[PDB]
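Just one chain follows, in the form deposited without the DNA, and it is written as structure tokens.
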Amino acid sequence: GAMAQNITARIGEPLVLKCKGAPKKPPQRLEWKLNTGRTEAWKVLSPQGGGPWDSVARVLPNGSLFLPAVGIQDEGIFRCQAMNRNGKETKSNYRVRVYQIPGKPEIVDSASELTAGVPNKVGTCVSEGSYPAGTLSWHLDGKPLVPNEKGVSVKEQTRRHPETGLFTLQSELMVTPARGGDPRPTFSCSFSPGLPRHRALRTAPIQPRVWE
């Protein structure tokens, strides 16, 4: 599309979008246009408001668009077009992407005993409540574990909450420890969000014992 300001809105939280170039108070010649999961192509919202959209998004006195609680279906394009007292036309363009942070990831069914030279199920990492899905990754003593390599194998699984649409991730790690290695390695798991500039969450490490 066109050049836009990217907005990352957290699910459940309010969102205010500024209509640039609008008078600070009524009277106002402005209109918002949005194309989201809630619309069939473009929907026009006006200061006068009215109808079902009043429960989703309303134009504020200063012309900004206000959404009291952002949802998954509010992802999309939000545009404002305004005329000021001097007659200049000003346009605002926002690309809104929504997200939710999962709870802290947890390692379940961890092994306490690993045999070197044979495949071993190390553990299962679980992360619940993310949007977008994001990914789970494993770490050995700080170094990321690369799947399908040095005897490392990972299986992954994704479920969706039937009501909220938030994602639960599950990742099982299997390793074949090399003969003559660290007898007490430290394994950990991290959740990486799908969105840029978002922090990664890490589990408490597990430290099984290995048989050389």
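Here, rigid core means the biggest group of C-alpha atoms that superpose within 1.5 Å across both forms. Residues that one form lacks are left out of the comparison. All residue numbers refer to positions in the sequence shown, first residue = 1.
One more form of this protein, deposited with the DNA bound, exists but is not displayed; see below.
- Note that among 130-138, 98-106, 69-77, 116-124, the stretch whose heavy atoms approach the DNA to within 4.5 Å in the entry with it bound is 98-106.
- At a distance threshold of 4.5 angstroms between non-hydrogen atoms, residue 24 is in contact with the DNA in the entry with it bound.
- Scanning 9-44 for heavy atoms within 4.5 Å of the DNA in the entry with it bound gives 10, 18, 20, 21, 24 in sequence order.
- Once both forms are fitted on their core, a CA shift of 2 Å or more is seen for residue 85 between the shown form and the other one.
- Core-superposed comparison between the shown form and the other one: the C-alpha position of residue 202 differs by less than 2 Å.
- Every Cα shifting by 2 Å or more, across three or more consecutive residues, marks a moved region; comparing between the shown form and the other one on the rigid core, these regions are 85-88, 196-198.
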